[PDB]
Each structure stands twice: as C-alpha cells, then as structure tokens.
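Input: a single structure, listed below in structure tokens.
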Amino acid sequence: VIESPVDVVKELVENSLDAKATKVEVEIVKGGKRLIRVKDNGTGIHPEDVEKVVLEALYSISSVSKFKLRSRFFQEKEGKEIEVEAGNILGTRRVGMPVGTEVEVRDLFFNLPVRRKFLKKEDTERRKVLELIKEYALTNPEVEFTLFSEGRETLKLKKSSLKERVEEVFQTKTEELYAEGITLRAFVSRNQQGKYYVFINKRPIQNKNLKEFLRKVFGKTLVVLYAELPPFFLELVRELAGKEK
Ligand SMILES: Nc1ncnc2c1ncn2[C@@H]1O[C@H](COP(=O)(O)OP(=O)(O)CP(=O)(O)O)[C@@H](O)[C@H]1O
Ligand SMILES: [Mg+2]
C-alpha cells in the first residue's frame, strides 16, 4: 500500500473525497519525503472516532511516519488532534480549527532507513504527486484542488464544468466527442506532445493496449477519454475518433 509519498497522497485525497470534501488542499515538502499535508473541508470525524481510525490505510501510513491527524466534525465546535509515531500513539489534544480534516505525514519511512534511502529524488516524487492530483482533478470537476510543493503553489483548480476542468488541467482548448450500453466522452486537442488519459467508470486506467490504440485512431494529440461500462468497445472508440470537424 505505501511505498512512496504519492501513495500517501492518494490515500489521503481519497479519504477527503469519500468525506464529501469540495475543497482539497495538498502540500508537499522535499517531494513528500519531509512533509505531506492534506486538508479538506468535508464532514470531519467525530471526536469519539478520531482515535479509532488510526487503528487500513491510515494505520499503515501512521506506522511509517510521524503522523498527525486533526479533525472537526460538522456537529462539533472544536476539533481533536491525534499524534502517532511509527504506530505508537503519543497523545491527543483539543484544537481550534475549521470543520474538516487535516492530516500531516512527516519523515516518511524514518523508521525504515533503507527504504527511505531508496526513495526517488525529490523532483521525481514531486511529479508523481502532481500527476496524481491532476488525475483526481479530472474526475472531480466539482471539487477544488490546490497543490503546494516546496512552498510554491504549483496547482490551483477551481470548481467548473468537466470540459472547463480538462482545459484548465492541460492548458489547451479541446473539442468534446461523444458516442453511444457503452457511453464514451472524450476531449481532444490536436497540436501539443501526445498525452492519452483513460477513465473507465470513475477510475484512472493505465492500460497500454488502449493508449496505443488512442494514439492510433486519434492523432501529437491530447485525448482524455471518459468511458462508462456496465460491470464488464475499441470499435466504438474508432467511431468516436471520426467526429471532429
Ligand atoms: N479526511 C477524512 N474525512 C472524514 N473521515 C475520514 C477522513 N479520513 C479518514 N476518515 C475516516 O477514517 C476511516 C479510516 O480511513 P482509512 O483510509 O484508514 O480506511 P478507509 O475506510 O477509507 C478504507 P480504504 O482507505 O482501505 O479504502 C474512514 O472510513 C473514515 O471514516
Ligand atoms: Mg481510505
């Protein structure tokens, strides 16, 4: 589950979206090797449940870091903070905060020196996190996402339509394409540096068989393909590639 800082971000941002956050703020320092912080405005965790959820994903994260989670439940005036180091609860505290949850993961794998030493360079880890937040942004257009890395605001995306969200992410104008129990919706831009993104139902799909086929029927083309299927095609993708101008 947790091999590097991007895995941590993934789990925290999933938790935020699970909690109906409309704003998710991510901050990384030293590529996430020093700090990973994820803050959301979702419904929070009741004080009675804060100690439980550390012990699943949070337990596995808290076991390999210096870990704080603070949360204010939508029904409570104050929040509660739990502090954990390598699985060992150091204590809890009442904290003033906004409704929502904020998790801080520091010194990832400090207890596992070889694993820390073999982590990729800061800039490599940074890009993985950037790509992951883009991925989440592309399927959550109603959600605001911000990314700070080494104190710079690297990504800021406000709530918008889906087409507006695509164009903000890829910094380009797209044409929207649609086809047909299968439904396909794609945003393409033809000049670019080819990039081929595939989402099936709501999830990002990395398959090499589909990508190279998108490169085949579409152009250096940006293709962002949202596919919906029943609990399980390529000729419909070829049909889709025939609608542009
Ligand atoms: N940002 C957040 N907002 C609200 N609740 C949160 C939260 N982060 C964690 N939680 C609560 O903590 C619980 C445990 O989170 P954790 O990620 O460890 O397990 P999970 O229930 O999400 C299953 P998994 O992550 O393995 O799919 C969640 O079920 C949720 O109740
Ligand atoms: Mg989770």
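Letters A, B, ... go to the chains of the structure tokens in the order shown; residues in each chain start at 1; ligands are counted from 1 in the same order.
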
Compute the set of protein, DNA and RNA residues whose minimum atom distance to ligand 1 is at most 7 Å, using only C-alpha atoms and all ligand atoms, and state it as a PyMOL selection string.
-> chain A and resi 11-12+15-16+19+40+42-45+53-54+56-59+100-102

DSSP alpha helix (DSSP H) selection over stretch 7-62 of chain A, as a ChimeraX atom specification | /A:7-18,47-50,57-62

Those same residues, written as a PDB file, in the first residue's frame with N, CA and C atoms?
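Output file again.pdb is given in full below:
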```pdb
ATOM      1  N   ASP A   7       1.783   7.510  -2.820  1.00  0.00           N
ATOM      2  CA  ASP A   7       0.830   6.560  -2.241  1.00  0.00           C
ATOM      3  C   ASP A   7       0.116   7.169  -1.041  1.00  0.00           C
ATOM      4  N   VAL A   8       0.858   7.934  -0.236  1.00  0.00           N
ATOM      5  CA  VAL A   8       0.260   8.600   0.920  1.00  0.00           C
ATOM      6  C   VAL A   8      -0.763   9.629   0.465  1.00  0.00           C
ATOM      7  N   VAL A   9      -0.371  10.484  -0.488  1.00  0.00           N
ATOM      8  CA  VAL A   9      -1.302  11.476  -1.020  1.00  0.00           C
ATOM      9  C   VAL A   9      -2.540  10.785  -1.565  1.00  0.00           C
ATOM     10  N   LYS A  10      -2.353   9.682  -2.291  1.00  0.00           N
ATOM     11  CA  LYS A  10      -3.504   9.022  -2.876  1.00  0.00           C
ATOM     12  C   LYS A  10      -4.509   8.655  -1.786  1.00  0.00           C
ATOM     13  N   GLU A  11      -4.017   8.069  -0.712  1.00  0.00           N
ATOM     14  CA  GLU A  11      -4.908   7.574   0.324  1.00  0.00           C
ATOM     15  C   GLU A  11      -5.579   8.718   1.037  1.00  0.00           C
ATOM     16  N   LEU A  12      -4.824   9.781   1.298  1.00  0.00           N
ATOM     17  CA  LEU A  12      -5.458  10.894   1.981  1.00  0.00           C
ATOM     18  C   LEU A  12      -6.492  11.580   1.102  1.00  0.00           C
ATOM     19  N   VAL A  13      -6.199  11.770  -0.191  1.00  0.00           N
ATOM     20  CA  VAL A  13      -7.130  12.529  -1.017  1.00  0.00           C
ATOM     21  C   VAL A  13      -8.368  11.686  -1.245  1.00  0.00           C
ATOM     22  N   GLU A  14      -8.188  10.366  -1.397  1.00  0.00           N
ATOM     23  CA  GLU A  14      -9.363   9.501  -1.486  1.00  0.00           C
ATOM     24  C   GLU A  14     -10.277   9.690  -0.275  1.00  0.00           C
ATOM     25  N   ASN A  15      -9.682   9.641   0.917  1.00  0.00           N
ATOM     26  CA  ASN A  15     -10.412   9.850   2.173  1.00  0.00           C
ATOM     27  C   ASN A  15     -11.145  11.191   2.187  1.00  0.00           C
ATOM     28  N   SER A  16     -10.503  12.234   1.686  1.00  0.00           N
ATOM     29  CA  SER A  16     -11.184  13.516   1.619  1.00  0.00           C
ATOM     30  C   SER A  16     -12.376  13.463   0.695  1.00  0.00           C
ATOM     31  N   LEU A  17     -12.223  12.838  -0.485  1.00  0.00           N
ATOM     32  CA  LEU A  17     -13.350  12.813  -1.402  1.00  0.00           C
ATOM     33  C   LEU A  17     -14.443  11.896  -0.870  1.00  0.00           C
ATOM     34  N   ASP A  18     -14.051  10.816  -0.186  1.00  0.00           N
ATOM     35  CA  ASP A  18     -15.023   9.949   0.481  1.00  0.00           C
ATOM     36  C   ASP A  18     -15.845  10.724   1.500  1.00  0.00           C
ATOM     37  N   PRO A  47     -15.120  13.493  17.532  1.00  0.00           N
ATOM     38  CA  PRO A  47     -14.027  13.262  18.493  1.00  0.00           C
ATOM     39  C   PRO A  47     -13.948  11.827  18.993  1.00  0.00           C
ATOM     40  N   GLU A  48     -15.097  11.208  19.226  1.00  0.00           N
ATOM     41  CA  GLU A  48     -15.156   9.829  19.685  1.00  0.00           C
ATOM     42  C   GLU A  48     -14.532   8.843  18.696  1.00  0.00           C
ATOM     43  N   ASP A  49     -14.487   9.174  17.401  1.00  0.00           N
ATOM     44  CA  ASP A  49     -13.953   8.262  16.392  1.00  0.00           C
ATOM     45  C   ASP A  49     -12.514   8.550  15.978  1.00  0.00           C
ATOM     46  N   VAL A  50     -11.916   9.653  16.442  1.00  0.00           N
ATOM     47  CA  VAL A  50     -10.592  10.056  15.959  1.00  0.00           C
ATOM     48  C   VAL A  50      -9.520   9.036  16.351  1.00  0.00           C
ATOM     49  N   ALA A  57      -5.827   2.090   5.749  1.00  0.00           N
ATOM     50  CA  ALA A  57      -4.868   2.982   5.121  1.00  0.00           C
ATOM     51  C   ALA A  57      -4.192   3.894   6.143  1.00  0.00           C
ATOM     52  N   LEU A  58      -4.956   4.504   7.075  1.00  0.00           N
ATOM     53  CA  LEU A  58      -4.319   5.466   7.988  1.00  0.00           C
ATOM     54  C   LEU A  58      -3.356   4.783   8.948  1.00  0.00           C
ATOM     55  N   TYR A  59      -3.736   3.592   9.419  1.00  0.00           N
ATOM     56  CA  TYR A  59      -2.863   2.802  10.272  1.00  0.00           C
ATOM     57  C   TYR A  59      -1.558   2.508   9.555  1.00  0.00           C
ATOM     58  N   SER A  60      -1.654   2.086   8.300  1.00  0.00           N
ATOM     59  CA  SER A  60      -0.462   1.760   7.532  1.00  0.00           C
ATOM     60  C   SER A  60       0.389   2.997   7.272  1.00  0.00           C
ATOM     61  N   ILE A  61      -0.239   4.160   7.106  1.00  0.00           N
ATOM     62  CA  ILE A  61       0.531   5.381   6.943  1.00  0.00           C
ATOM     63  C   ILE A  61       1.177   5.802   8.267  1.00  0.00           C
ATOM     64  N   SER A  62       0.409   5.784   9.366  1.00  0.00           N
ATOM     65  CA  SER A  62       0.923   6.223  10.673  1.00  0.00           C
ATOM     66  C   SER A  62       2.044   5.330  11.194  1.00  0.00           C
TER      67      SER A  62
END
```

Which residues come within 7 Å of stretch 71-88 of chain A, counting only C-alpha atoms, excluding same-chain residues fewer than 2 positions away, as a list in words?
-> residues 43, 44, 45, 46, 47, 51, 62, 63, 64, 65, 66, 67, 68, 69, 90, 91, 92, 93, 94, 95, 96, 97, 98, 99, 100, 101 and 102 of chain A

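Across the structure, atom CA of residue A:121 and atom CA of residue A:155 are spaced 20.3 Å apart.
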
What lies within 8 Å of stretch 236-240 of chain A using only C-alpha atoms, ignoring chain neighbours under 6 positions off, as an mmCIF file with C-alpha atoms, in the first residue's frame?
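Saved the output as part-v1.cif:
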```cif
data_model
loop_
_atom_site.group_PDB
_atom_site.id
_atom_site.type_symbol
_atom_site.label_atom_id
_atom_site.label_comp_id
_atom_site.auth_asym_id
_atom_site.auth_seq_id
_atom_site.Cartn_x
_atom_site.Cartn_y
_atom_site.Cartn_z
ATOM 1 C CA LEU A 177 -16.678 13.991 -28.685
ATOM 2 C CA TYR A 178 -19.481 11.561 -27.734
ATOM 3 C CA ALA A 179 -20.581 8.057 -28.755
ATOM 4 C CA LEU A 184 -17.838 7.462 -24.360
ATOM 5 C CA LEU A 214 -5.872 6.032 -28.849
ATOM 6 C CA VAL A 217 -7.097 6.383 -34.146
#
```

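Using only C-alpha atoms, the contacts of stretch 165-169 of chain A at a cut-off of 10 Å, with sequence neighbours closer than 3 positions omitted, comprise residues 133, 134, 135, 137, 138, 139, 140, 141, 142, 143, 155, 156, 157, 158, 159, 160, 161, 162, 172, 173, 174, 175, 187, 188, 189 and 224 of chain A.
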
Pick out the residues sitting within 12 Å of residue A:152, and hand them over as a ChimeraX atom specification; count only C-alpha atoms, and ignore anything fewer than 4 positions along from it in its own chain.
-> /A:26-29,126,146-148,156

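Each of A:180, A:25, A:3, A:107 was checked against residue A:149 using only C-alpha atoms; the smallest atom-to-atom distance is that of A:25.
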
I need the residues of stretch 59-210 of chain A that end up classed as strand (DSSP E) by DSSP on the backbone, written out as a CSV table (one decimal) with N, CA, C and O atoms, in the first residue's frame.
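Full text of result07.csv as output:
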```
chain,number,residue,atom,x,y,z
A,66,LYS,N,5.9,10.1,11.2
A,66,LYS,CA,5.5,11.0,12.3
A,66,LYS,C,4.2,11.6,11.9
A,66,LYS,O,4.2,12.5,11.0
A,67,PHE,N,3.1,11.3,12.5
A,67,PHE,CA,1.8,11.4,11.9
A,67,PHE,C,0.9,12.2,12.8
A,67,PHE,O,0.7,11.9,14.0
A,68,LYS,N,0.3,13.3,12.2
A,68,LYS,CA,-0.8,13.9,13.0
A,68,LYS,C,-2.1,13.9,12.1
A,68,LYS,O,-2.0,14.0,10.9
A,69,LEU,N,-3.2,13.7,12.8
A,69,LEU,CA,-4.5,13.9,12.1
A,69,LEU,C,-5.3,14.8,13.1
A,69,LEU,O,-5.4,14.5,14.2
A,70,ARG,N,-5.8,15.9,12.5
A,70,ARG,CA,-6.8,16.7,13.3
A,70,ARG,C,-8.1,16.7,12.5
A,70,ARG,O,-8.1,16.7,11.3
A,71,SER,N,-9.2,16.7,13.2
A,71,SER,CA,-10.5,16.7,12.5
A,71,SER,C,-11.5,17.4,13.4
A,71,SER,O,-11.6,17.2,14.6
A,72,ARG,N,-12.4,18.2,12.8
A,72,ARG,CA,-13.5,18.8,13.4
A,72,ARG,C,-14.8,18.3,12.7
A,72,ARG,O,-15.0,18.5,11.5
A,79,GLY,N,-12.2,20.8,17.2
A,79,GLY,CA,-11.6,19.7,16.6
A,79,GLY,C,-10.8,18.9,17.7
A,79,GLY,O,-10.6,19.3,18.8
A,80,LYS,N,-10.3,17.8,17.2
A,80,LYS,CA,-9.5,16.9,18.0
A,80,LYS,C,-8.3,16.5,17.1
A,80,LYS,O,-8.5,16.2,16.0
A,81,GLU,N,-7.1,16.4,17.7
A,81,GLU,CA,-5.9,16.0,17.0
A,81,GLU,C,-5.3,14.8,17.7
A,81,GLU,O,-5.2,14.7,18.9
A,82,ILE,N,-4.9,13.8,16.9
A,82,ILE,CA,-4.1,12.6,17.4
A,82,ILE,C,-2.7,12.6,16.8
A,82,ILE,O,-2.5,12.9,15.6
A,83,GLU,N,-1.8,12.3,17.6
A,83,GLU,CA,-0.4,12.3,17.2
A,83,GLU,C,0.2,10.9,17.3
A,83,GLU,O,0.0,10.3,18.4
A,84,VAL,N,0.8,10.4,16.3
A,84,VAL,CA,1.3,9.0,16.3
A,84,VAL,C,2.7,9.0,15.7
A,84,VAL,O,3.0,9.7,14.7
A,85,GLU,N,3.6,8.1,16.2
A,85,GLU,CA,4.9,7.9,15.6
A,85,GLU,C,5.1,6.4,15.5
A,85,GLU,O,5.2,5.7,16.5
A,88,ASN,N,2.7,4.2,17.3
A,88,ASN,CA,2.6,4.4,18.7
A,88,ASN,C,2.0,5.8,19.0
A,88,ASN,O,2.5,6.8,18.7
A,89,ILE,N,0.8,5.8,19.6
A,89,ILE,CA,0.0,7.0,19.9
A,89,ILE,C,0.8,7.8,21.0
A,89,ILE,O,1.0,7.3,22.1
A,90,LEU,N,1.1,9.0,20.6
A,90,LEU,CA,1.8,9.9,21.6
A,90,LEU,C,0.8,10.8,22.3
A,90,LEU,O,1.2,11.4,23.3
A,91,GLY,N,-0.4,10.9,21.9
A,91,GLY,CA,-1.4,11.6,22.6
A,91,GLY,C,-2.4,12.3,21.7
A,91,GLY,O,-2.4,12.2,20.5
A,92,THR,N,-3.4,12.9,22.4
A,92,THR,CA,-4.4,13.6,21.7
A,92,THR,C,-4.6,15.0,22.3
A,92,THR,O,-4.3,15.2,23.5
A,93,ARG,N,-5.3,15.9,21.6
A,93,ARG,CA,-5.4,17.3,22.0
A,93,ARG,C,-6.7,17.8,21.4
A,93,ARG,O,-7.1,17.5,20.3
A,94,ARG,N,-7.3,18.8,22.2
A,94,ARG,CA,-8.4,19.6,21.6
A,94,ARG,C,-7.7,20.7,20.8
A,94,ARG,O,-6.7,21.2,21.2
A,95,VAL,N,-8.3,21.0,19.6
A,95,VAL,CA,-7.7,22.0,18.7
A,95,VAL,C,-8.8,22.8,18.1
A,95,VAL,O,-9.9,22.3,17.8
A,100,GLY,N,-13.6,20.1,9.1
A,100,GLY,CA,-13.0,19.3,8.1
A,100,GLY,C,-11.9,18.5,8.7
A,100,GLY,O,-11.8,18.3,10.0
A,101,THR,N,-10.9,18.0,7.9
A,101,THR,CA,-9.9,17.1,8.4
A,101,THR,C,-8.5,17.6,7.8
A,101,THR,O,-8.5,18.0,6.7
A,102,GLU,N,-7.5,17.5,8.6
A,102,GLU,CA,-6.2,17.8,8.1
A,102,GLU,C,-5.2,16.8,8.6
A,102,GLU,O,-5.1,16.5,9.8
A,103,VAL,N,-4.5,16.1,7.7
A,103,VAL,CA,-3.6,15.1,8.0
A,103,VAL,C,-2.2,15.5,7.6
A,103,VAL,O,-2.0,16.0,6.5
A,104,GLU,N,-1.2,15.3,8.5
A,104,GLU,CA,0.2,15.7,8.3
A,104,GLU,C,1.1,14.5,8.5
A,104,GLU,O,1.1,13.8,9.6
A,105,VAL,N,1.8,14.1,7.5
A,105,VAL,CA,2.6,12.9,7.5
A,105,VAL,C,4.1,13.4,7.3
A,105,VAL,O,4.4,13.9,6.2
A,106,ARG,N,4.9,13.2,8.3
A,106,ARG,CA,6.3,13.7,8.3
A,106,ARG,C,7.3,12.6,8.4
A,106,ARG,O,7.0,11.5,9.0
A,144,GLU,N,-12.6,21.6,-5.7
A,144,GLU,CA,-11.4,22.4,-5.8
A,144,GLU,C,-10.2,21.7,-5.3
A,144,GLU,O,-10.2,21.1,-4.3
A,145,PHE,N,-9.1,21.8,-6.1
A,145,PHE,CA,-7.8,21.2,-5.7
A,145,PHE,C,-6.7,22.2,-5.7
A,145,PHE,O,-6.5,23.0,-6.7
A,146,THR,N,-5.9,22.2,-4.7
A,146,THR,CA,-4.7,23.1,-4.7
A,146,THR,C,-3.5,22.2,-4.3
A,146,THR,O,-3.7,21.3,-3.5
A,147,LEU,N,-2.4,22.4,-5.0
A,147,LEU,CA,-1.1,21.7,-4.6
A,147,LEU,C,0.0,22.8,-4.3
A,147,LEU,O,0.1,23.7,-5.1
A,148,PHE,N,0.6,22.7,-3.2
A,148,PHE,CA,1.8,23.5,-2.9
A,148,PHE,C,3.0,22.5,-2.8
A,148,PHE,O,2.8,21.4,-2.1
A,149,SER,N,4.1,22.8,-3.4
A,149,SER,CA,5.3,22.0,-3.4
A,149,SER,C,6.5,22.9,-3.1
A,149,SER,O,6.7,23.8,-3.9
A,152,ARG,N,5.7,26.6,-3.1
A,152,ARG,CA,5.1,27.2,-4.3
A,152,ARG,C,3.8,26.7,-4.6
A,152,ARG,O,3.6,25.5,-4.4
A,153,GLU,N,2.8,27.5,-5.0
A,153,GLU,CA,1.5,27.0,-5.4
A,153,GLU,C,1.7,26.5,-6.8
A,153,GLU,O,1.7,27.3,-7.8
A,154,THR,N,1.8,25.2,-7.0
A,154,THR,CA,2.1,24.5,-8.3
A,154,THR,C,0.8,24.2,-9.0
A,154,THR,O,0.8,24.2,-10.3
A,155,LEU,N,-0.3,24.0,-8.3
A,155,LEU,CA,-1.6,23.6,-9.0
A,155,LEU,C,-2.7,24.3,-8.3
A,155,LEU,O,-2.8,24.3,-7.0
A,156,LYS,N,-3.6,25.0,-9.0
A,156,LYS,CA,-4.8,25.5,-8.4
A,156,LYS,C,-5.9,25.4,-9.4
A,156,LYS,O,-5.8,26.0,-10.5
A,157,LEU,N,-7.0,24.7,-9.0
A,157,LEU,CA,-8.1,24.3,-9.9
A,157,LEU,C,-9.4,24.6,-9.2
A,157,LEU,O,-9.6,23.9,-8.2
A,175,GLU,N,-11.9,19.8,-28.2
A,175,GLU,CA,-13.2,19.5,-28.7
A,175,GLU,C,-13.8,18.3,-28.0
A,175,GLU,O,-13.1,17.4,-27.7
A,176,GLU,N,-15.1,18.4,-27.7
A,176,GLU,CA,-15.7,17.3,-27.0
A,176,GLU,C,-16.4,16.4,-28.0
A,176,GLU,O,-17.1,16.8,-28.9
A,177,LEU,N,-16.2,15.1,-27.8
A,177,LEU,CA,-16.7,14.0,-28.7
A,177,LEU,C,-17.5,13.0,-27.9
A,177,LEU,O,-17.1,12.7,-26.7
A,178,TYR,N,-18.5,12.4,-28.5
A,178,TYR,CA,-19.5,11.6,-27.7
A,178,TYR,C,-19.9,10.4,-28.6
A,178,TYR,O,-20.1,10.6,-29.8
A,179,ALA,N,-20.1,9.2,-28.0
A,179,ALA,CA,-20.6,8.1,-28.8
A,179,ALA,C,-21.4,7.2,-27.8
A,179,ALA,O,-21.1,7.0,-26.7
A,183,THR,N,-21.0,4.1,-23.1
A,183,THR,CA,-21.0,5.6,-23.4
A,183,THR,C,-19.6,6.1,-23.3
A,183,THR,O,-18.9,5.8,-22.3
A,184,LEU,N,-19.2,6.9,-24.3
A,184,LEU,CA,-17.8,7.5,-24.4
A,184,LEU,C,-17.9,9.0,-24.5
A,184,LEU,O,-18.8,9.5,-25.2
A,185,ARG,N,-17.1,9.7,-23.8
A,185,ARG,CA,-17.0,11.1,-23.8
A,185,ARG,C,-15.5,11.5,-23.8
A,185,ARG,O,-14.8,11.2,-22.8
A,186,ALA,N,-15.0,12.2,-24.8
A,186,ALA,CA,-13.6,12.5,-25.0
A,186,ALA,C,-13.4,14.0,-25.2
A,186,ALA,O,-14.3,14.6,-25.8
A,187,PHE,N,-12.3,14.5,-24.8
A,187,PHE,CA,-11.8,15.8,-25.1
A,187,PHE,C,-10.5,15.7,-25.8
A,187,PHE,O,-9.6,15.1,-25.2
A,188,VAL,N,-10.4,16.2,-27.0
A,188,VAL,CA,-9.2,16.1,-27.8
A,188,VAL,C,-8.7,17.4,-28.2
A,188,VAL,O,-9.4,18.4,-28.4
A,189,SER,N,-7.3,17.5,-28.2
A,189,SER,CA,-6.6,18.7,-28.8
A,189,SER,C,-5.4,18.3,-29.6
A,189,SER,O,-4.6,17.5,-29.1
A,195,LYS,N,-0.5,12.9,-25.2
A,195,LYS,CA,-1.0,12.5,-23.9
A,195,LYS,C,-2.3,11.8,-24.0
A,195,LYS,O,-3.2,12.4,-24.7
A,196,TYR,N,-2.4,10.6,-23.4
A,196,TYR,CA,-3.6,9.8,-23.6
A,196,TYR,C,-4.1,9.3,-22.2
A,196,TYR,O,-3.5,8.4,-21.7
A,197,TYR,N,-5.2,9.9,-21.8
A,197,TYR,CA,-5.7,9.6,-20.5
A,197,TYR,C,-7.0,8.9,-20.6
A,197,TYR,O,-7.8,9.2,-21.5
A,198,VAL,N,-7.2,7.8,-19.8
A,198,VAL,CA,-8.4,7.0,-19.9
A,198,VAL,C,-9.0,6.8,-18.5
A,198,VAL,O,-8.3,6.4,-17.6
A,199,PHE,N,-10.3,7.1,-18.4
A,199,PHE,CA,-11.1,6.8,-17.2
A,199,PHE,C,-12.2,5.9,-17.5
A,199,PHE,O,-13.0,6.2,-18.4
A,200,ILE,N,-12.3,4.8,-16.8
A,200,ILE,CA,-13.4,3.8,-17.0
A,200,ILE,C,-14.3,3.8,-15.8
A,200,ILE,O,-13.7,3.6,-14.7
A,203,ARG,N,-12.6,5.6,-12.7
A,203,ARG,CA,-11.3,5.4,-12.2
A,203,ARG,C,-10.2,5.5,-13.3
A,203,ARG,O,-10.5,5.2,-14.5
A,204,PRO,N,-9.0,6.0,-13.0
A,204,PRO,CA,-8.0,6.1,-14.0
A,204,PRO,C,-7.4,4.8,-14.4
A,204,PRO,O,-7.1,3.9,-13.5
```
